[PDB]
Amino acid sequence: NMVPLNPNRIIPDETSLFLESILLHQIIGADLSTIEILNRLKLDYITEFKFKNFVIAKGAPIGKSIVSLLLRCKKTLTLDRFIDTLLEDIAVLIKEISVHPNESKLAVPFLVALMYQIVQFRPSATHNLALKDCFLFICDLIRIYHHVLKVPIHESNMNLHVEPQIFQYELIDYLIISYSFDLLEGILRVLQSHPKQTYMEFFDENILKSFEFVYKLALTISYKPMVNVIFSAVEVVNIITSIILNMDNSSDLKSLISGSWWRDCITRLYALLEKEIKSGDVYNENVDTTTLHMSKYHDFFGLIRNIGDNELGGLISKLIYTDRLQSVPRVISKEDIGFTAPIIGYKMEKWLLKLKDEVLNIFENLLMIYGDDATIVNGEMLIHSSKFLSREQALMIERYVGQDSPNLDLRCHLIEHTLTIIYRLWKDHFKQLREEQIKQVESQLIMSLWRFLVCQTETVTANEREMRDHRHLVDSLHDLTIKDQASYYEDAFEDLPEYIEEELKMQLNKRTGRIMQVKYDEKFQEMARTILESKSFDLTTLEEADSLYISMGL
Amino acid sequence: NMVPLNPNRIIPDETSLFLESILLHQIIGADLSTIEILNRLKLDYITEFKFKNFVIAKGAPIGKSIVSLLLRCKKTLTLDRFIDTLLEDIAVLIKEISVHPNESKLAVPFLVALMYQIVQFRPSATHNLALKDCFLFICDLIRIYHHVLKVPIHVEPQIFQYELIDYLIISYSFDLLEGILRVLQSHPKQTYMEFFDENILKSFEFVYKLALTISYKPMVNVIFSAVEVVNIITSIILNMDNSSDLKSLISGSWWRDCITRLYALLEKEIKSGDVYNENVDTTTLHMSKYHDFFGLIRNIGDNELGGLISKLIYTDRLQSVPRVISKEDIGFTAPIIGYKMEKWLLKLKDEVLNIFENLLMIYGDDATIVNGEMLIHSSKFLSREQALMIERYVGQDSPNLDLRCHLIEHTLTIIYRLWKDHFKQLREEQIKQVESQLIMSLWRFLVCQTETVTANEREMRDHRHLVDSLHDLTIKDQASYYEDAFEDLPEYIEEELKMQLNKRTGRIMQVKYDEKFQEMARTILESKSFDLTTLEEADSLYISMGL
């Protein structure tokens with residue numbers, strides 16, 4: 001039963017694999033490895049930089065120097081040390097060509113991207129000090145680029161959108177921001193999977209405050225934000241909360257994070273959830289931020305996620321001359337970027353949908369961070385939460401079913417889950433909710449519960465006769481998915497073994513029922529019922545709960 | 001007691017450290033990661049390139065595709081297959097730029113430098129098939145550059161057009177042949193024969209015929225490269241136990257057609273005072289303003305063009321054509337470079353007579369290559385350099401005195417083994433044609449038998465203070481820097497130092513030679529394998545020391 005030592009192992013040098021995954025590293029749509037995009041850039045307003053042998057001479061491609069750095073500190077460090085050292089060095093570079101307001105700072109985006117490829121090449125050994133370094137670092141960089149993150153909601157008269165149609169530097173700023181927010185996500189991840197015996201370090205008031213300023217610059221309630229940064233900021237909020245739970249000695253750091261500071265998170269995050277999605281004009285200047293757009297004028301994927309078309313990634317395939325040592329880079333253009341494939345809008349909206357899954361689940365995570373709570377959840381996480389829950393009931397009904405699009409099932413699963421969030425709030429966090437706010441939203445609460453309730457008996461099919469017709473009229477997308485998973489996307493789900501389609505006929509059927517407002521899992525239905533029929537609090541008037549229920553029975 | 005273990009044995013991969021060396025490739029003076037060097041090589045004319053996935057276009061740098069390969073080729077290929085893939089792909093590059101006379105070839109020099117980091121990376125790892133092919137592809141590139149194949153001996157007036165391009169790549173490519181065959185040498189003594197292909201040896205015979213250019217001024221970096229290639233062949237010969245097979249492949253015509261130009265080499269002069277001077281050619285080893293630098297192993301001395309190798313790639317601009325490497329913007333403070341060049345060409349002459357004495361060893365029996373013409377020229381070398389040393393290289397206070405001593409003593413070994421056993425080639429033609437050289441090679445070590453020269457400690461120390469001052473300052477550099485127990489000595493180490501130095505400078509003086517060497521020039525006369533001197537002539541030399 002020996003498992004033999006292989007006396008001639010060939011075990012990789014992961015720092016070497018890293019050196020590779022750097023020198024080859026290419027952003028989505030680029031002509032070059034983005035490292036080489038660096039490697040064709042000399043800049044004339046930094047004659048000579050050094051931090052620790054990183055001379056970007058007066059005649060150096062910022063690449064030339066950065067790749068050379070990869071080589072030097074490759075010879076120097078071991079893996080964790082090299083992660084830390086590229087962090088520090090590439091950062092202090094990002095500063096010295098970011099706080100230098102007259103030079104071509106297009107190294108900076110891919111430098112941040114390099115932060116990303118670093119931290120998320122070896123999030124195993126990356127460590128708190130340089131984590132916070134790059135974190136706070138590009139945070140202050142985003143405070144450097146106050147202009148784009150805070151551009152007037154509609155350019156009020158005086159302010160004009162007469163911009164040089166320039167995703168050129170628009171890319172520079174936006175790219176840095178989103179890439180670095182994804183780097184914040186990955187830093188949270190190194191600590192997020194890091195042992196929770198050691199969670200008192202990468203949390204500090206400086207993390208919080210830098211994020212204050214940058215979060216507020218991105219979720220610009222007064223100006224016209226962009227959806228990559230909105231995604232990214234709310235994702236950072238999300239992982240922040242994830243660790244607010246996954247920190248064991250939680251009371252101390254929950255004291256450290258200010259209650260008013262989560263509050264200033266969630267004012268803007270409720271603001272988000274109440275901002276909406278106008279696909280037909282998502283690639284056009286729409287209404288005052290109540291229309292998440294990610295306009296083609298500022299449009300690429302992002303790093304742990306690909307929401308746009310990344311059309312402007314193609315113009316990164318014209319980002320530099322690719323035949324010239326450019327001093328300032330090749331245009332990317334806001335006008336050129338963006339009847340062709342509204343699947344573009346559909347996948348991006350499937351994101352924004354998953355975004356609001358993130359939002360609901362991290363609102364939910366807040367719900368857990370406090371069992372006994374404070375100003376962030378003061379019945380407001382019933383007000384705004386159930387307001388979203390009922391807004392999505394009303395939208396799914398009034399349009400989205402029949403609108404019968406890719407969104408349907410994902411949205412219905414996640415808003416029934418936000419129903420469940422309402423449920424556990426109204427049961428365990430039932431302690432907080434006081435009269436003033438249960439009166440501000442008695443409406444939403446009671447009738448959202450009532451809507452889900454008018455279903456359980458379901459005398460229609462209770463089977464797969466023509467509720468499968470419904471599975472075709474709306475769940476046709478998930479029918480394409482059952483086809484695709486059985487024919488393309490499962491090693492075993494070809495030649496079904498006859499104990500699974502017996503289940504399919506009803507399971508996918510109640511999936512499309514949850515799409516079409518009915519036949520939610522008995523779990524779901526009694527969740528919704530018990531939220532309302534909890535007579536322990538007179539949410540319902542006992543003499544009229546009969547008039548309520550008699551829409552179904554009871 | 002027991003040897004201990006390790007929880008996390010963290011071995012960098014062989015290819016990991018490979019990319020280390022490769023990416024940070026650098027050549028003395030080429031100040032860069034030579035991969036980056038390559039990154040500064042765009043080629044407009046050729047907008048179409050692809051061997052094993054080698055995309056290249058107008059403003060698309062050779063190096064951009066070099067990094068491309070290096071990187072994904074690490075995860076694709078293994079150690080030696082990585083080597084081979086680089087060899088063949090970057091060799092297709094070598095070619096299609098070489099056969100592309102319209103473009104300039106700044107690629108091939110550092111491409112070949114990359115080829116060397118490859119080649120050197122390991123002997124055992126590197127595989128002889130790949131090594132085989134690399135040399136063949138270099139020969140194809142030389143055929144593509146037929147116009148600039150050799151250095152034809154006044155359009156050339158301080159203008160480094162193709163001199164810093166094709167000719168620079170020629171020195172690089174020649175140093176590549178050299179190190180290629182050196183890693184072949186290092187390959188174990190069992191598995192040469194696949195390398196031994198008359199394709200290989202004929203192509204080399206041609207490139208040697210182009211390097212030791214007797215009729216056109218032969219660039220000395222190239223001369224060194226070629227003679228070292230010959231040394232490598234003769235060494236792989238001494239090594240392949242089944243040497244009969246390799247010797248069957250190497251034609252007697254190959255032997256002759258090479259060793260004859262090696263004679264024409266060993267009898268070109270070594271003259272420091274004019275080494276870096278293009279004056280009397282076919283004698284003085286020029287390599288002056290025209291062209292001097294390292295190549296791929298050579299530490300030619302200053303490496304004057306070294307920093308210019310970096311100055312070949314802009315390292316500040318994308319260049320389609322080479323950044324000017326100035327030909328005589330070059331260096332010059334004091335001829336310690338000429339002194340080390342004397343020592344360098346003296347190690348070249350050493351390599352020549354070394355493979356000579358080495359073929360005299362293996363071909364101990366009758367040999368069409370142990371013809372005694374060997375006797376003639378090699379004994380000429382012996383007596384000639386003996387004369388030069390005792391007549392001019394005395395008082396000269398050089399380190400090169402030691403190396404001329406090496407020359408004479410080693411050619412003594414050669415002609416002596418010729419004397420002792422291998423007269424089966426010899427006839428009276430060579431006997432009387434060179435009897436003076438042999439017999440006086442004999443007496444020069446005979447007369448040393450006095451042993452009353454030193455006999456003491458007050459005189460040879462001063463003799464070295466006189467002439468050996470150089471190697472004395474070097475034994476002091478030794479006592480100070482280059483060894484370990486030069487402190488609180490056991491009273492034998494310093495004594496050995498002084499005996500060795502004293503006998504050493506004596507050996508510079510052609511007196512008090514190693515008594516083994518005294519006998520190993522006595523026995524040729526006194527042992528009657530050949531009675532050079534009759535009884536009416538032997539005493540005529542016996543008188544010159546007493547006897």
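Residues numbered from 1 in each chain as written, not as in the entry; some residues may be left out. Chains lettered and ligands numbered in written order. Part of a larger assembly, values for the part shown. Heavy atoms only, no water. Residues with missing side-chain atoms left out of burial classes, pairs and counts.

What counts, and what does not: UniProt positions are given in the numbering used here, feature names are shortened, and annotations may be inferred rather than shown by experiment.
Named according to the PDB entry, chain B is DNA damage checkpoint protein LCD1 originating from Saccharomyces cerevisiae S288C. Per the PDB record, the entry is named "Cryo-EM structure of MEC1-DDC2-MMS". You can read under Subunit in the UniProt record for chain B the words "Forms a complex with MEC1."

Going by the annotation in the PDB entry, the name recorded for chain A is DNA damage checkpoint protein LCD1, with Saccharomyces cerevisiae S288C given as the source organism. As stated in UniProt under Subunit, the record for chain A gives "Forms a complex with MEC1."

## Some words on the overall build of chain B
Note the cut-off: What counts as a helix is a DSSP run of H or I of at least four residues, what counts as a strand is a run of E of at least two, and both are numbered from the N terminus. Radius of gyration here is computed from C-alpha atoms only, and the compact-globule reference equals 2.2 Å multiplied by the residue count raised to the power 0.38.
Broken down by element type, chain B carries 21 helices and 0 strands. Its C-alpha atoms give chain B a radius of gyration of 26 Å, within 12% of the compact-globule value 24 Å for 547 residues. Viewed in the frame of its principal axes, chain B has a C-alpha envelope of about 80 × 65 × 60 Å.

## A closer look at the overall build of chain A
Of the regular secondary structure elements, chain A holds 23 helices and 2 strands. Compactness check: chain A gives a C-alpha radius of gyration of 26 Å against a globular reference of 24 Å for 554 residues, within 12% of the reference. A principal-axis box enclosing the C-alpha atoms of chain A has dimensions of 85 × 65 × 55 Å.

## Notes on the interface of chain B and chain A
Stated precisely, the cut-off is as follows: By definition, residues are in contact when any of their heavy atoms lie within 4.5 Å. Each residue gets one label: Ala, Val, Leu, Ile, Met, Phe, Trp, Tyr, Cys and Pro are nonpolar, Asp, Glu, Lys and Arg are charged, and the others, such as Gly, are polar.
The partner chain A presents 9 residues to the 10 residues of chain B that form the contact. Broken down by class, the residue content of the side of chain B that touches chain A amounts to 5 nonpolar, 3 polar and 2 charged.

## Structural notes on the environment of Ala 528 of chain A
All names here are of chain A. Its place among the elements puts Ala 528 in helix α22 (residues 522-532). Expressed as a C-alpha distance, the spacing of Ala 528 and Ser 448, which sit 80 residues apart in the sequence, is 8.3 Å. Leaving out residues up to four positions away in the same chain, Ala 528 has contacts with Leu 449 and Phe 452.

## Some words on the environment of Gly 59 of chain B
Within the secondary structure, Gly 59 of chain B sits in the loop between α2 (34-39) and α3 (62-76). Between the C-alpha atoms of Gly 59 of chain B and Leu 43 of chain B, which are 16 residues apart in sequence, the distance is 6.2 Å. In contact with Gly 59 of chain B, not counting residues within four places along its chain, are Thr 322 and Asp 323 of chain A together with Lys 42 of chain B.

## Looking at unusual backbone geometry
Residues and elements named next belong to chain B. Even without a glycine there, the phi angle at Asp 397 is positive, about 40 degrees. If you trace the backbone, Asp 397 turns up in the loop between α14 (373-391) and α15 (400-421). Not every positive phi belongs to a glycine, and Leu 547 is a case in point at roughly 40 degrees. Looking at where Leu 547 falls in the secondary structure, it is placed in the segment after α21 (535-542).

## Side note on the packing of helix α13 (residues 336-362) of chain B against α15 of chain B
Each pair of packed helices can be described by the angle between their axes along with the distance between the axes. Residue and element names in this part refer to chain B. Worth spelling out the cut-off: Each axis is a line fitted through C-alpha atoms, taken for helices only over the stretch in contact, and angles between the N-to-C directions span 0 to 180 degrees. Angles below 35 degrees are treated as roughly parallel, those above 145 as roughly antiparallel, those between 65 and 115 as roughly perpendicular, and all remaining angles as oblique.
Interhelical geometry of α13 versus α15 gives an angle of 10 degrees and a closest axis separation of 9 Å. By the angle between their directions, the pair α13 and α15 is classed as roughly parallel. Between α13 and α15, the contacting residues are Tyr 339, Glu 342, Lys 343, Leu 346 and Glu 357 on the first element and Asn 400, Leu 403, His 410 and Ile 414 on the second. Among the residues making up the contact of α13 with α15, the classes are represented as 4 nonpolar, 2 polar and 3 charged.

## With respect to the packing of helix α7 (residues 166-186) of chain B against helix α9 (residues 220-239) of chain B
Residue and element names in this part refer to chain B. Rules: When the near helix sits turned anticlockwise from the far one by under a right angle, the crossing is termed left-handed; a clockwise turn instead gives a right-handed crossing.
The geometry of α7 relative to α9 is characterised by a closest axis approach of 8 Å and an angle of 15 degrees between their N-to-C directions. Comparing their axes, α9 and α7 come out roughly parallel. Regarding α7 and α9, the two cross each other, and that crossing is left-handed. In this structure, α7 uses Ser 171, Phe 174, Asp 175, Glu 178, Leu 181 and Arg 182 to contact α9, whose residues at the interface are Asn 221, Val 222, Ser 225, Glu 228 and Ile 232. Looking at side-chain class alone, the contact of α7 with α9 contains 4 nonpolar, 3 polar and 4 charged residues.

## Some points on the environment of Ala 486 of chain A
All names here are of chain A. With respect to the helices and strands, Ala 486 occurs in helix α20 (residues 476-487). The spatial distance from the C-alpha of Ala 486 to the C-alpha of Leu 496 is 8.4 Å, given a sequence separation of 10 residues. Setting aside chain neighbours within four positions, we find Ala 486 in contact with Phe 493 and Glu 494.

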